[PDB]
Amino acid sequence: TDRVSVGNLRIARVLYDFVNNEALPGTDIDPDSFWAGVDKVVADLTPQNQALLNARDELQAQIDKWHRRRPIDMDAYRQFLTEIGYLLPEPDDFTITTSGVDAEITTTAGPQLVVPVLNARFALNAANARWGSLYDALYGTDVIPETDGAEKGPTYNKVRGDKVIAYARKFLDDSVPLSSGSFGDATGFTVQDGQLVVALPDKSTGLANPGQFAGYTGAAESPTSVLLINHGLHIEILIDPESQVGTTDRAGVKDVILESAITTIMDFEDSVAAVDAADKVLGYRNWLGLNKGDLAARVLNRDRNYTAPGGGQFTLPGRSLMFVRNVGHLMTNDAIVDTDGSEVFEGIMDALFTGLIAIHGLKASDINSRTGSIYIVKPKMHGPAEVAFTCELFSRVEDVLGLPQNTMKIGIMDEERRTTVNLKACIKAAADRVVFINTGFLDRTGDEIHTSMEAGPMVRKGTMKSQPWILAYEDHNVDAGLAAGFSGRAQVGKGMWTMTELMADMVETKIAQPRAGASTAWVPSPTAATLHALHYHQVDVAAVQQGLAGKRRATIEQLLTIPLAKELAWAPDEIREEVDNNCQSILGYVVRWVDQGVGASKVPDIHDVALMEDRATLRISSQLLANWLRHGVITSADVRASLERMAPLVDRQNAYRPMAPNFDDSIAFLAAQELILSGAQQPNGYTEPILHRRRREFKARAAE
């Protein structure tokens, strides 16, 4: 074949070439020593990797049987979980020791943006989303109602623009209050004796807290902009009477700029579809362009220059601080196969290659962490041993890369049940590497359903968000983080807002996350990060965290409360709706995944709301239907009929290729069907083995 032999490994030429010609040059790592390291690391860690996955299966089988032989005793269930080593002892209190971590992670609370690394233009916008226009975010979304008069048109609408301006003035009043009066009545800004002075019609005033004045641009006498800081986040008022908006403005203001996406996660996992060496290389190459600072379509932003209150000069980061999300322990990829032809573990490969590439970001670029850290998000881990394994992998990789030990820092996803109930030990296992924990609530619900598949029928998918287990899971995660001393040291993060068009709703409800003590939470786009930034100005996360300290708000019993439905909880019509809804979302996502290699896309649901979502929402839907089928809530004819019914709608909702009417001939349709009908047999309900196989199948058919 077209592979390169190195030890026991056979590396796809496209990857070998990528590494030698693009990734390695500029790192000072000897190419031959690198490849020897890859061979050695894969050979050494592969057995432990496999045994961990086998252990998952064995635990699940025991729980499966336990439920089959079962009016539901929690004392018994809990002592059984401890017996089989599912529930492990909680360690004594400790504080994490992770050092050399940047301020964007240790200290600054704010939005965290996640983007598919395979999409270069998306990744570019994400990195540039550290600063974003509040006016654009308000004007373009439904935050400002399109009520009579204020509708978006083909051209600028002055009625709407004025509501945007008023909305921002109120934000300023709430965030950076004047000693007296309102920003709404401002006519000018000036800096005098190093102090911000605001002109109102009748008199002048300063800030109630002059500590919020951070800097300015242009002459102090008539600044071209004024820079404020609040709860550690910057706000920049652009002052330009010459501009169109500025002309209509009372103080010549052109825009309000928010520091928005403080950090960004470049994603190789659930938001992308990458099933072979060509796909991985595309991803790795974008990740390289990001770290080298030369990725272009439009290019990456430079730092920002300001004059300090006093009159000196300083600078602020122009770009979002980058994490990379590697895949988890489950999958293999044929990017590399061994002599026997066995595919190599993809997570192992990601650590080596994304780690290698990240070195560039530590270096002056013809730039990322100034403290010398590399930030890797690791998803879908089940328990402390799997966490320890990930740390051992990073340690071995650091050795191959000639990096100081603990350079490679870990963002722990809390998105599997065996991690949730052992969270303190999982953190302890990574106490010198961990830079965040985060509630991946969607995968977590998929795992919740699969783990208790045999217990009985589960509540409807929309009911899950408010079940006792998930509310406890959220509080427990924050409690464990704070108890491990995350305050001032590491992020406590919460989940993604998936309704991309419902920004009014996001601004209304997503404030609950910072109020819950989360120093960060996930947004889908630059625009959403700007709007989500508002919440951090309203909530004092540091204070909230201090108030939460030492609280223990979720019991193990609460964590373990299985979301079983009550006897006969559903009328026939509600059942049908749940089925159609789930089939619709499965089909809408899968069709783009299998046909176009698109791992994340705005997909209208049944009620026709635009949902982003990724692989995890597929995991939830397939497991729920698999659970209902397993326990006789629905029949196989129900599933099939629903799939055939929703298919044409999906086709219609959509370079596309219709699934209907020849379903048995549609690879996408059959993948969706397989996900449901084989759902119960997928390891932890994971959708990758099926998706990957079907996408490779589609690629092979397209080729001929």
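In case it trips you up, residue 1 is the first one in the sequence shown, and so on. Only the largest set of C-alpha atoms that superpose within 1.5 Å between the two forms is called the rigid core.
In summary, of the stretches 268-276 and 236-244, 236-244 shows the greater Cα distance from the shown form in 5 other deposited structures of this protein, with structures fitted on the rigid core.
Larger average C-alpha displacement in 5 other deposited structures of this protein, relative to the shown form after a rigid core fit, is seen for 606-614 when comparing 591-599 with 606-614. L625, modelled here, also has coordinates in every other compared entry of this protein that models residues flanking it, well short of the third needed to call it frequently missing. Modelled in this chain, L393 is likewise built in all the other compared entries whose models extend past it on both sides, so a third of them omitting it does not occur. According to the entry, the deposited sequence places 10 or more unmodelled residues between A297 and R298. The modelled chain breaks between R70 and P71, where 1 to 3 residues of the deposited sequence lack coordinates. Higher average CA B factor: 153-161, of the stretches 153-161 and 440-448.
Higher mean CA temperature factor, per the PDB entry, when comparing 382-390 with 79-87: 79-87. For the set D93, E474, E343, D267, the PDB entry assigns the largest Cα B-factor to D93. The PDB entry gives the largest Cα B-factor of the residues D664, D64, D39, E674 to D664. In this PDB entry, the Cα temperature factor of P223 sits in the top third of its chain's modelled residues, the highest group. When all modelled residues of the chain are sorted by CA temperature factor, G462 is found within the middle third. In the deposited entry, the Cα temperature factor of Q112 sits in the bottom third of values across the chain's modelled residues. Compared with the other modelled residues of the chain, the Cα B-factor recorded for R433 ranks in the lowest third. When the modelled residues of the chain are ordered by C-alpha B-factor, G26 sits in the highest third.
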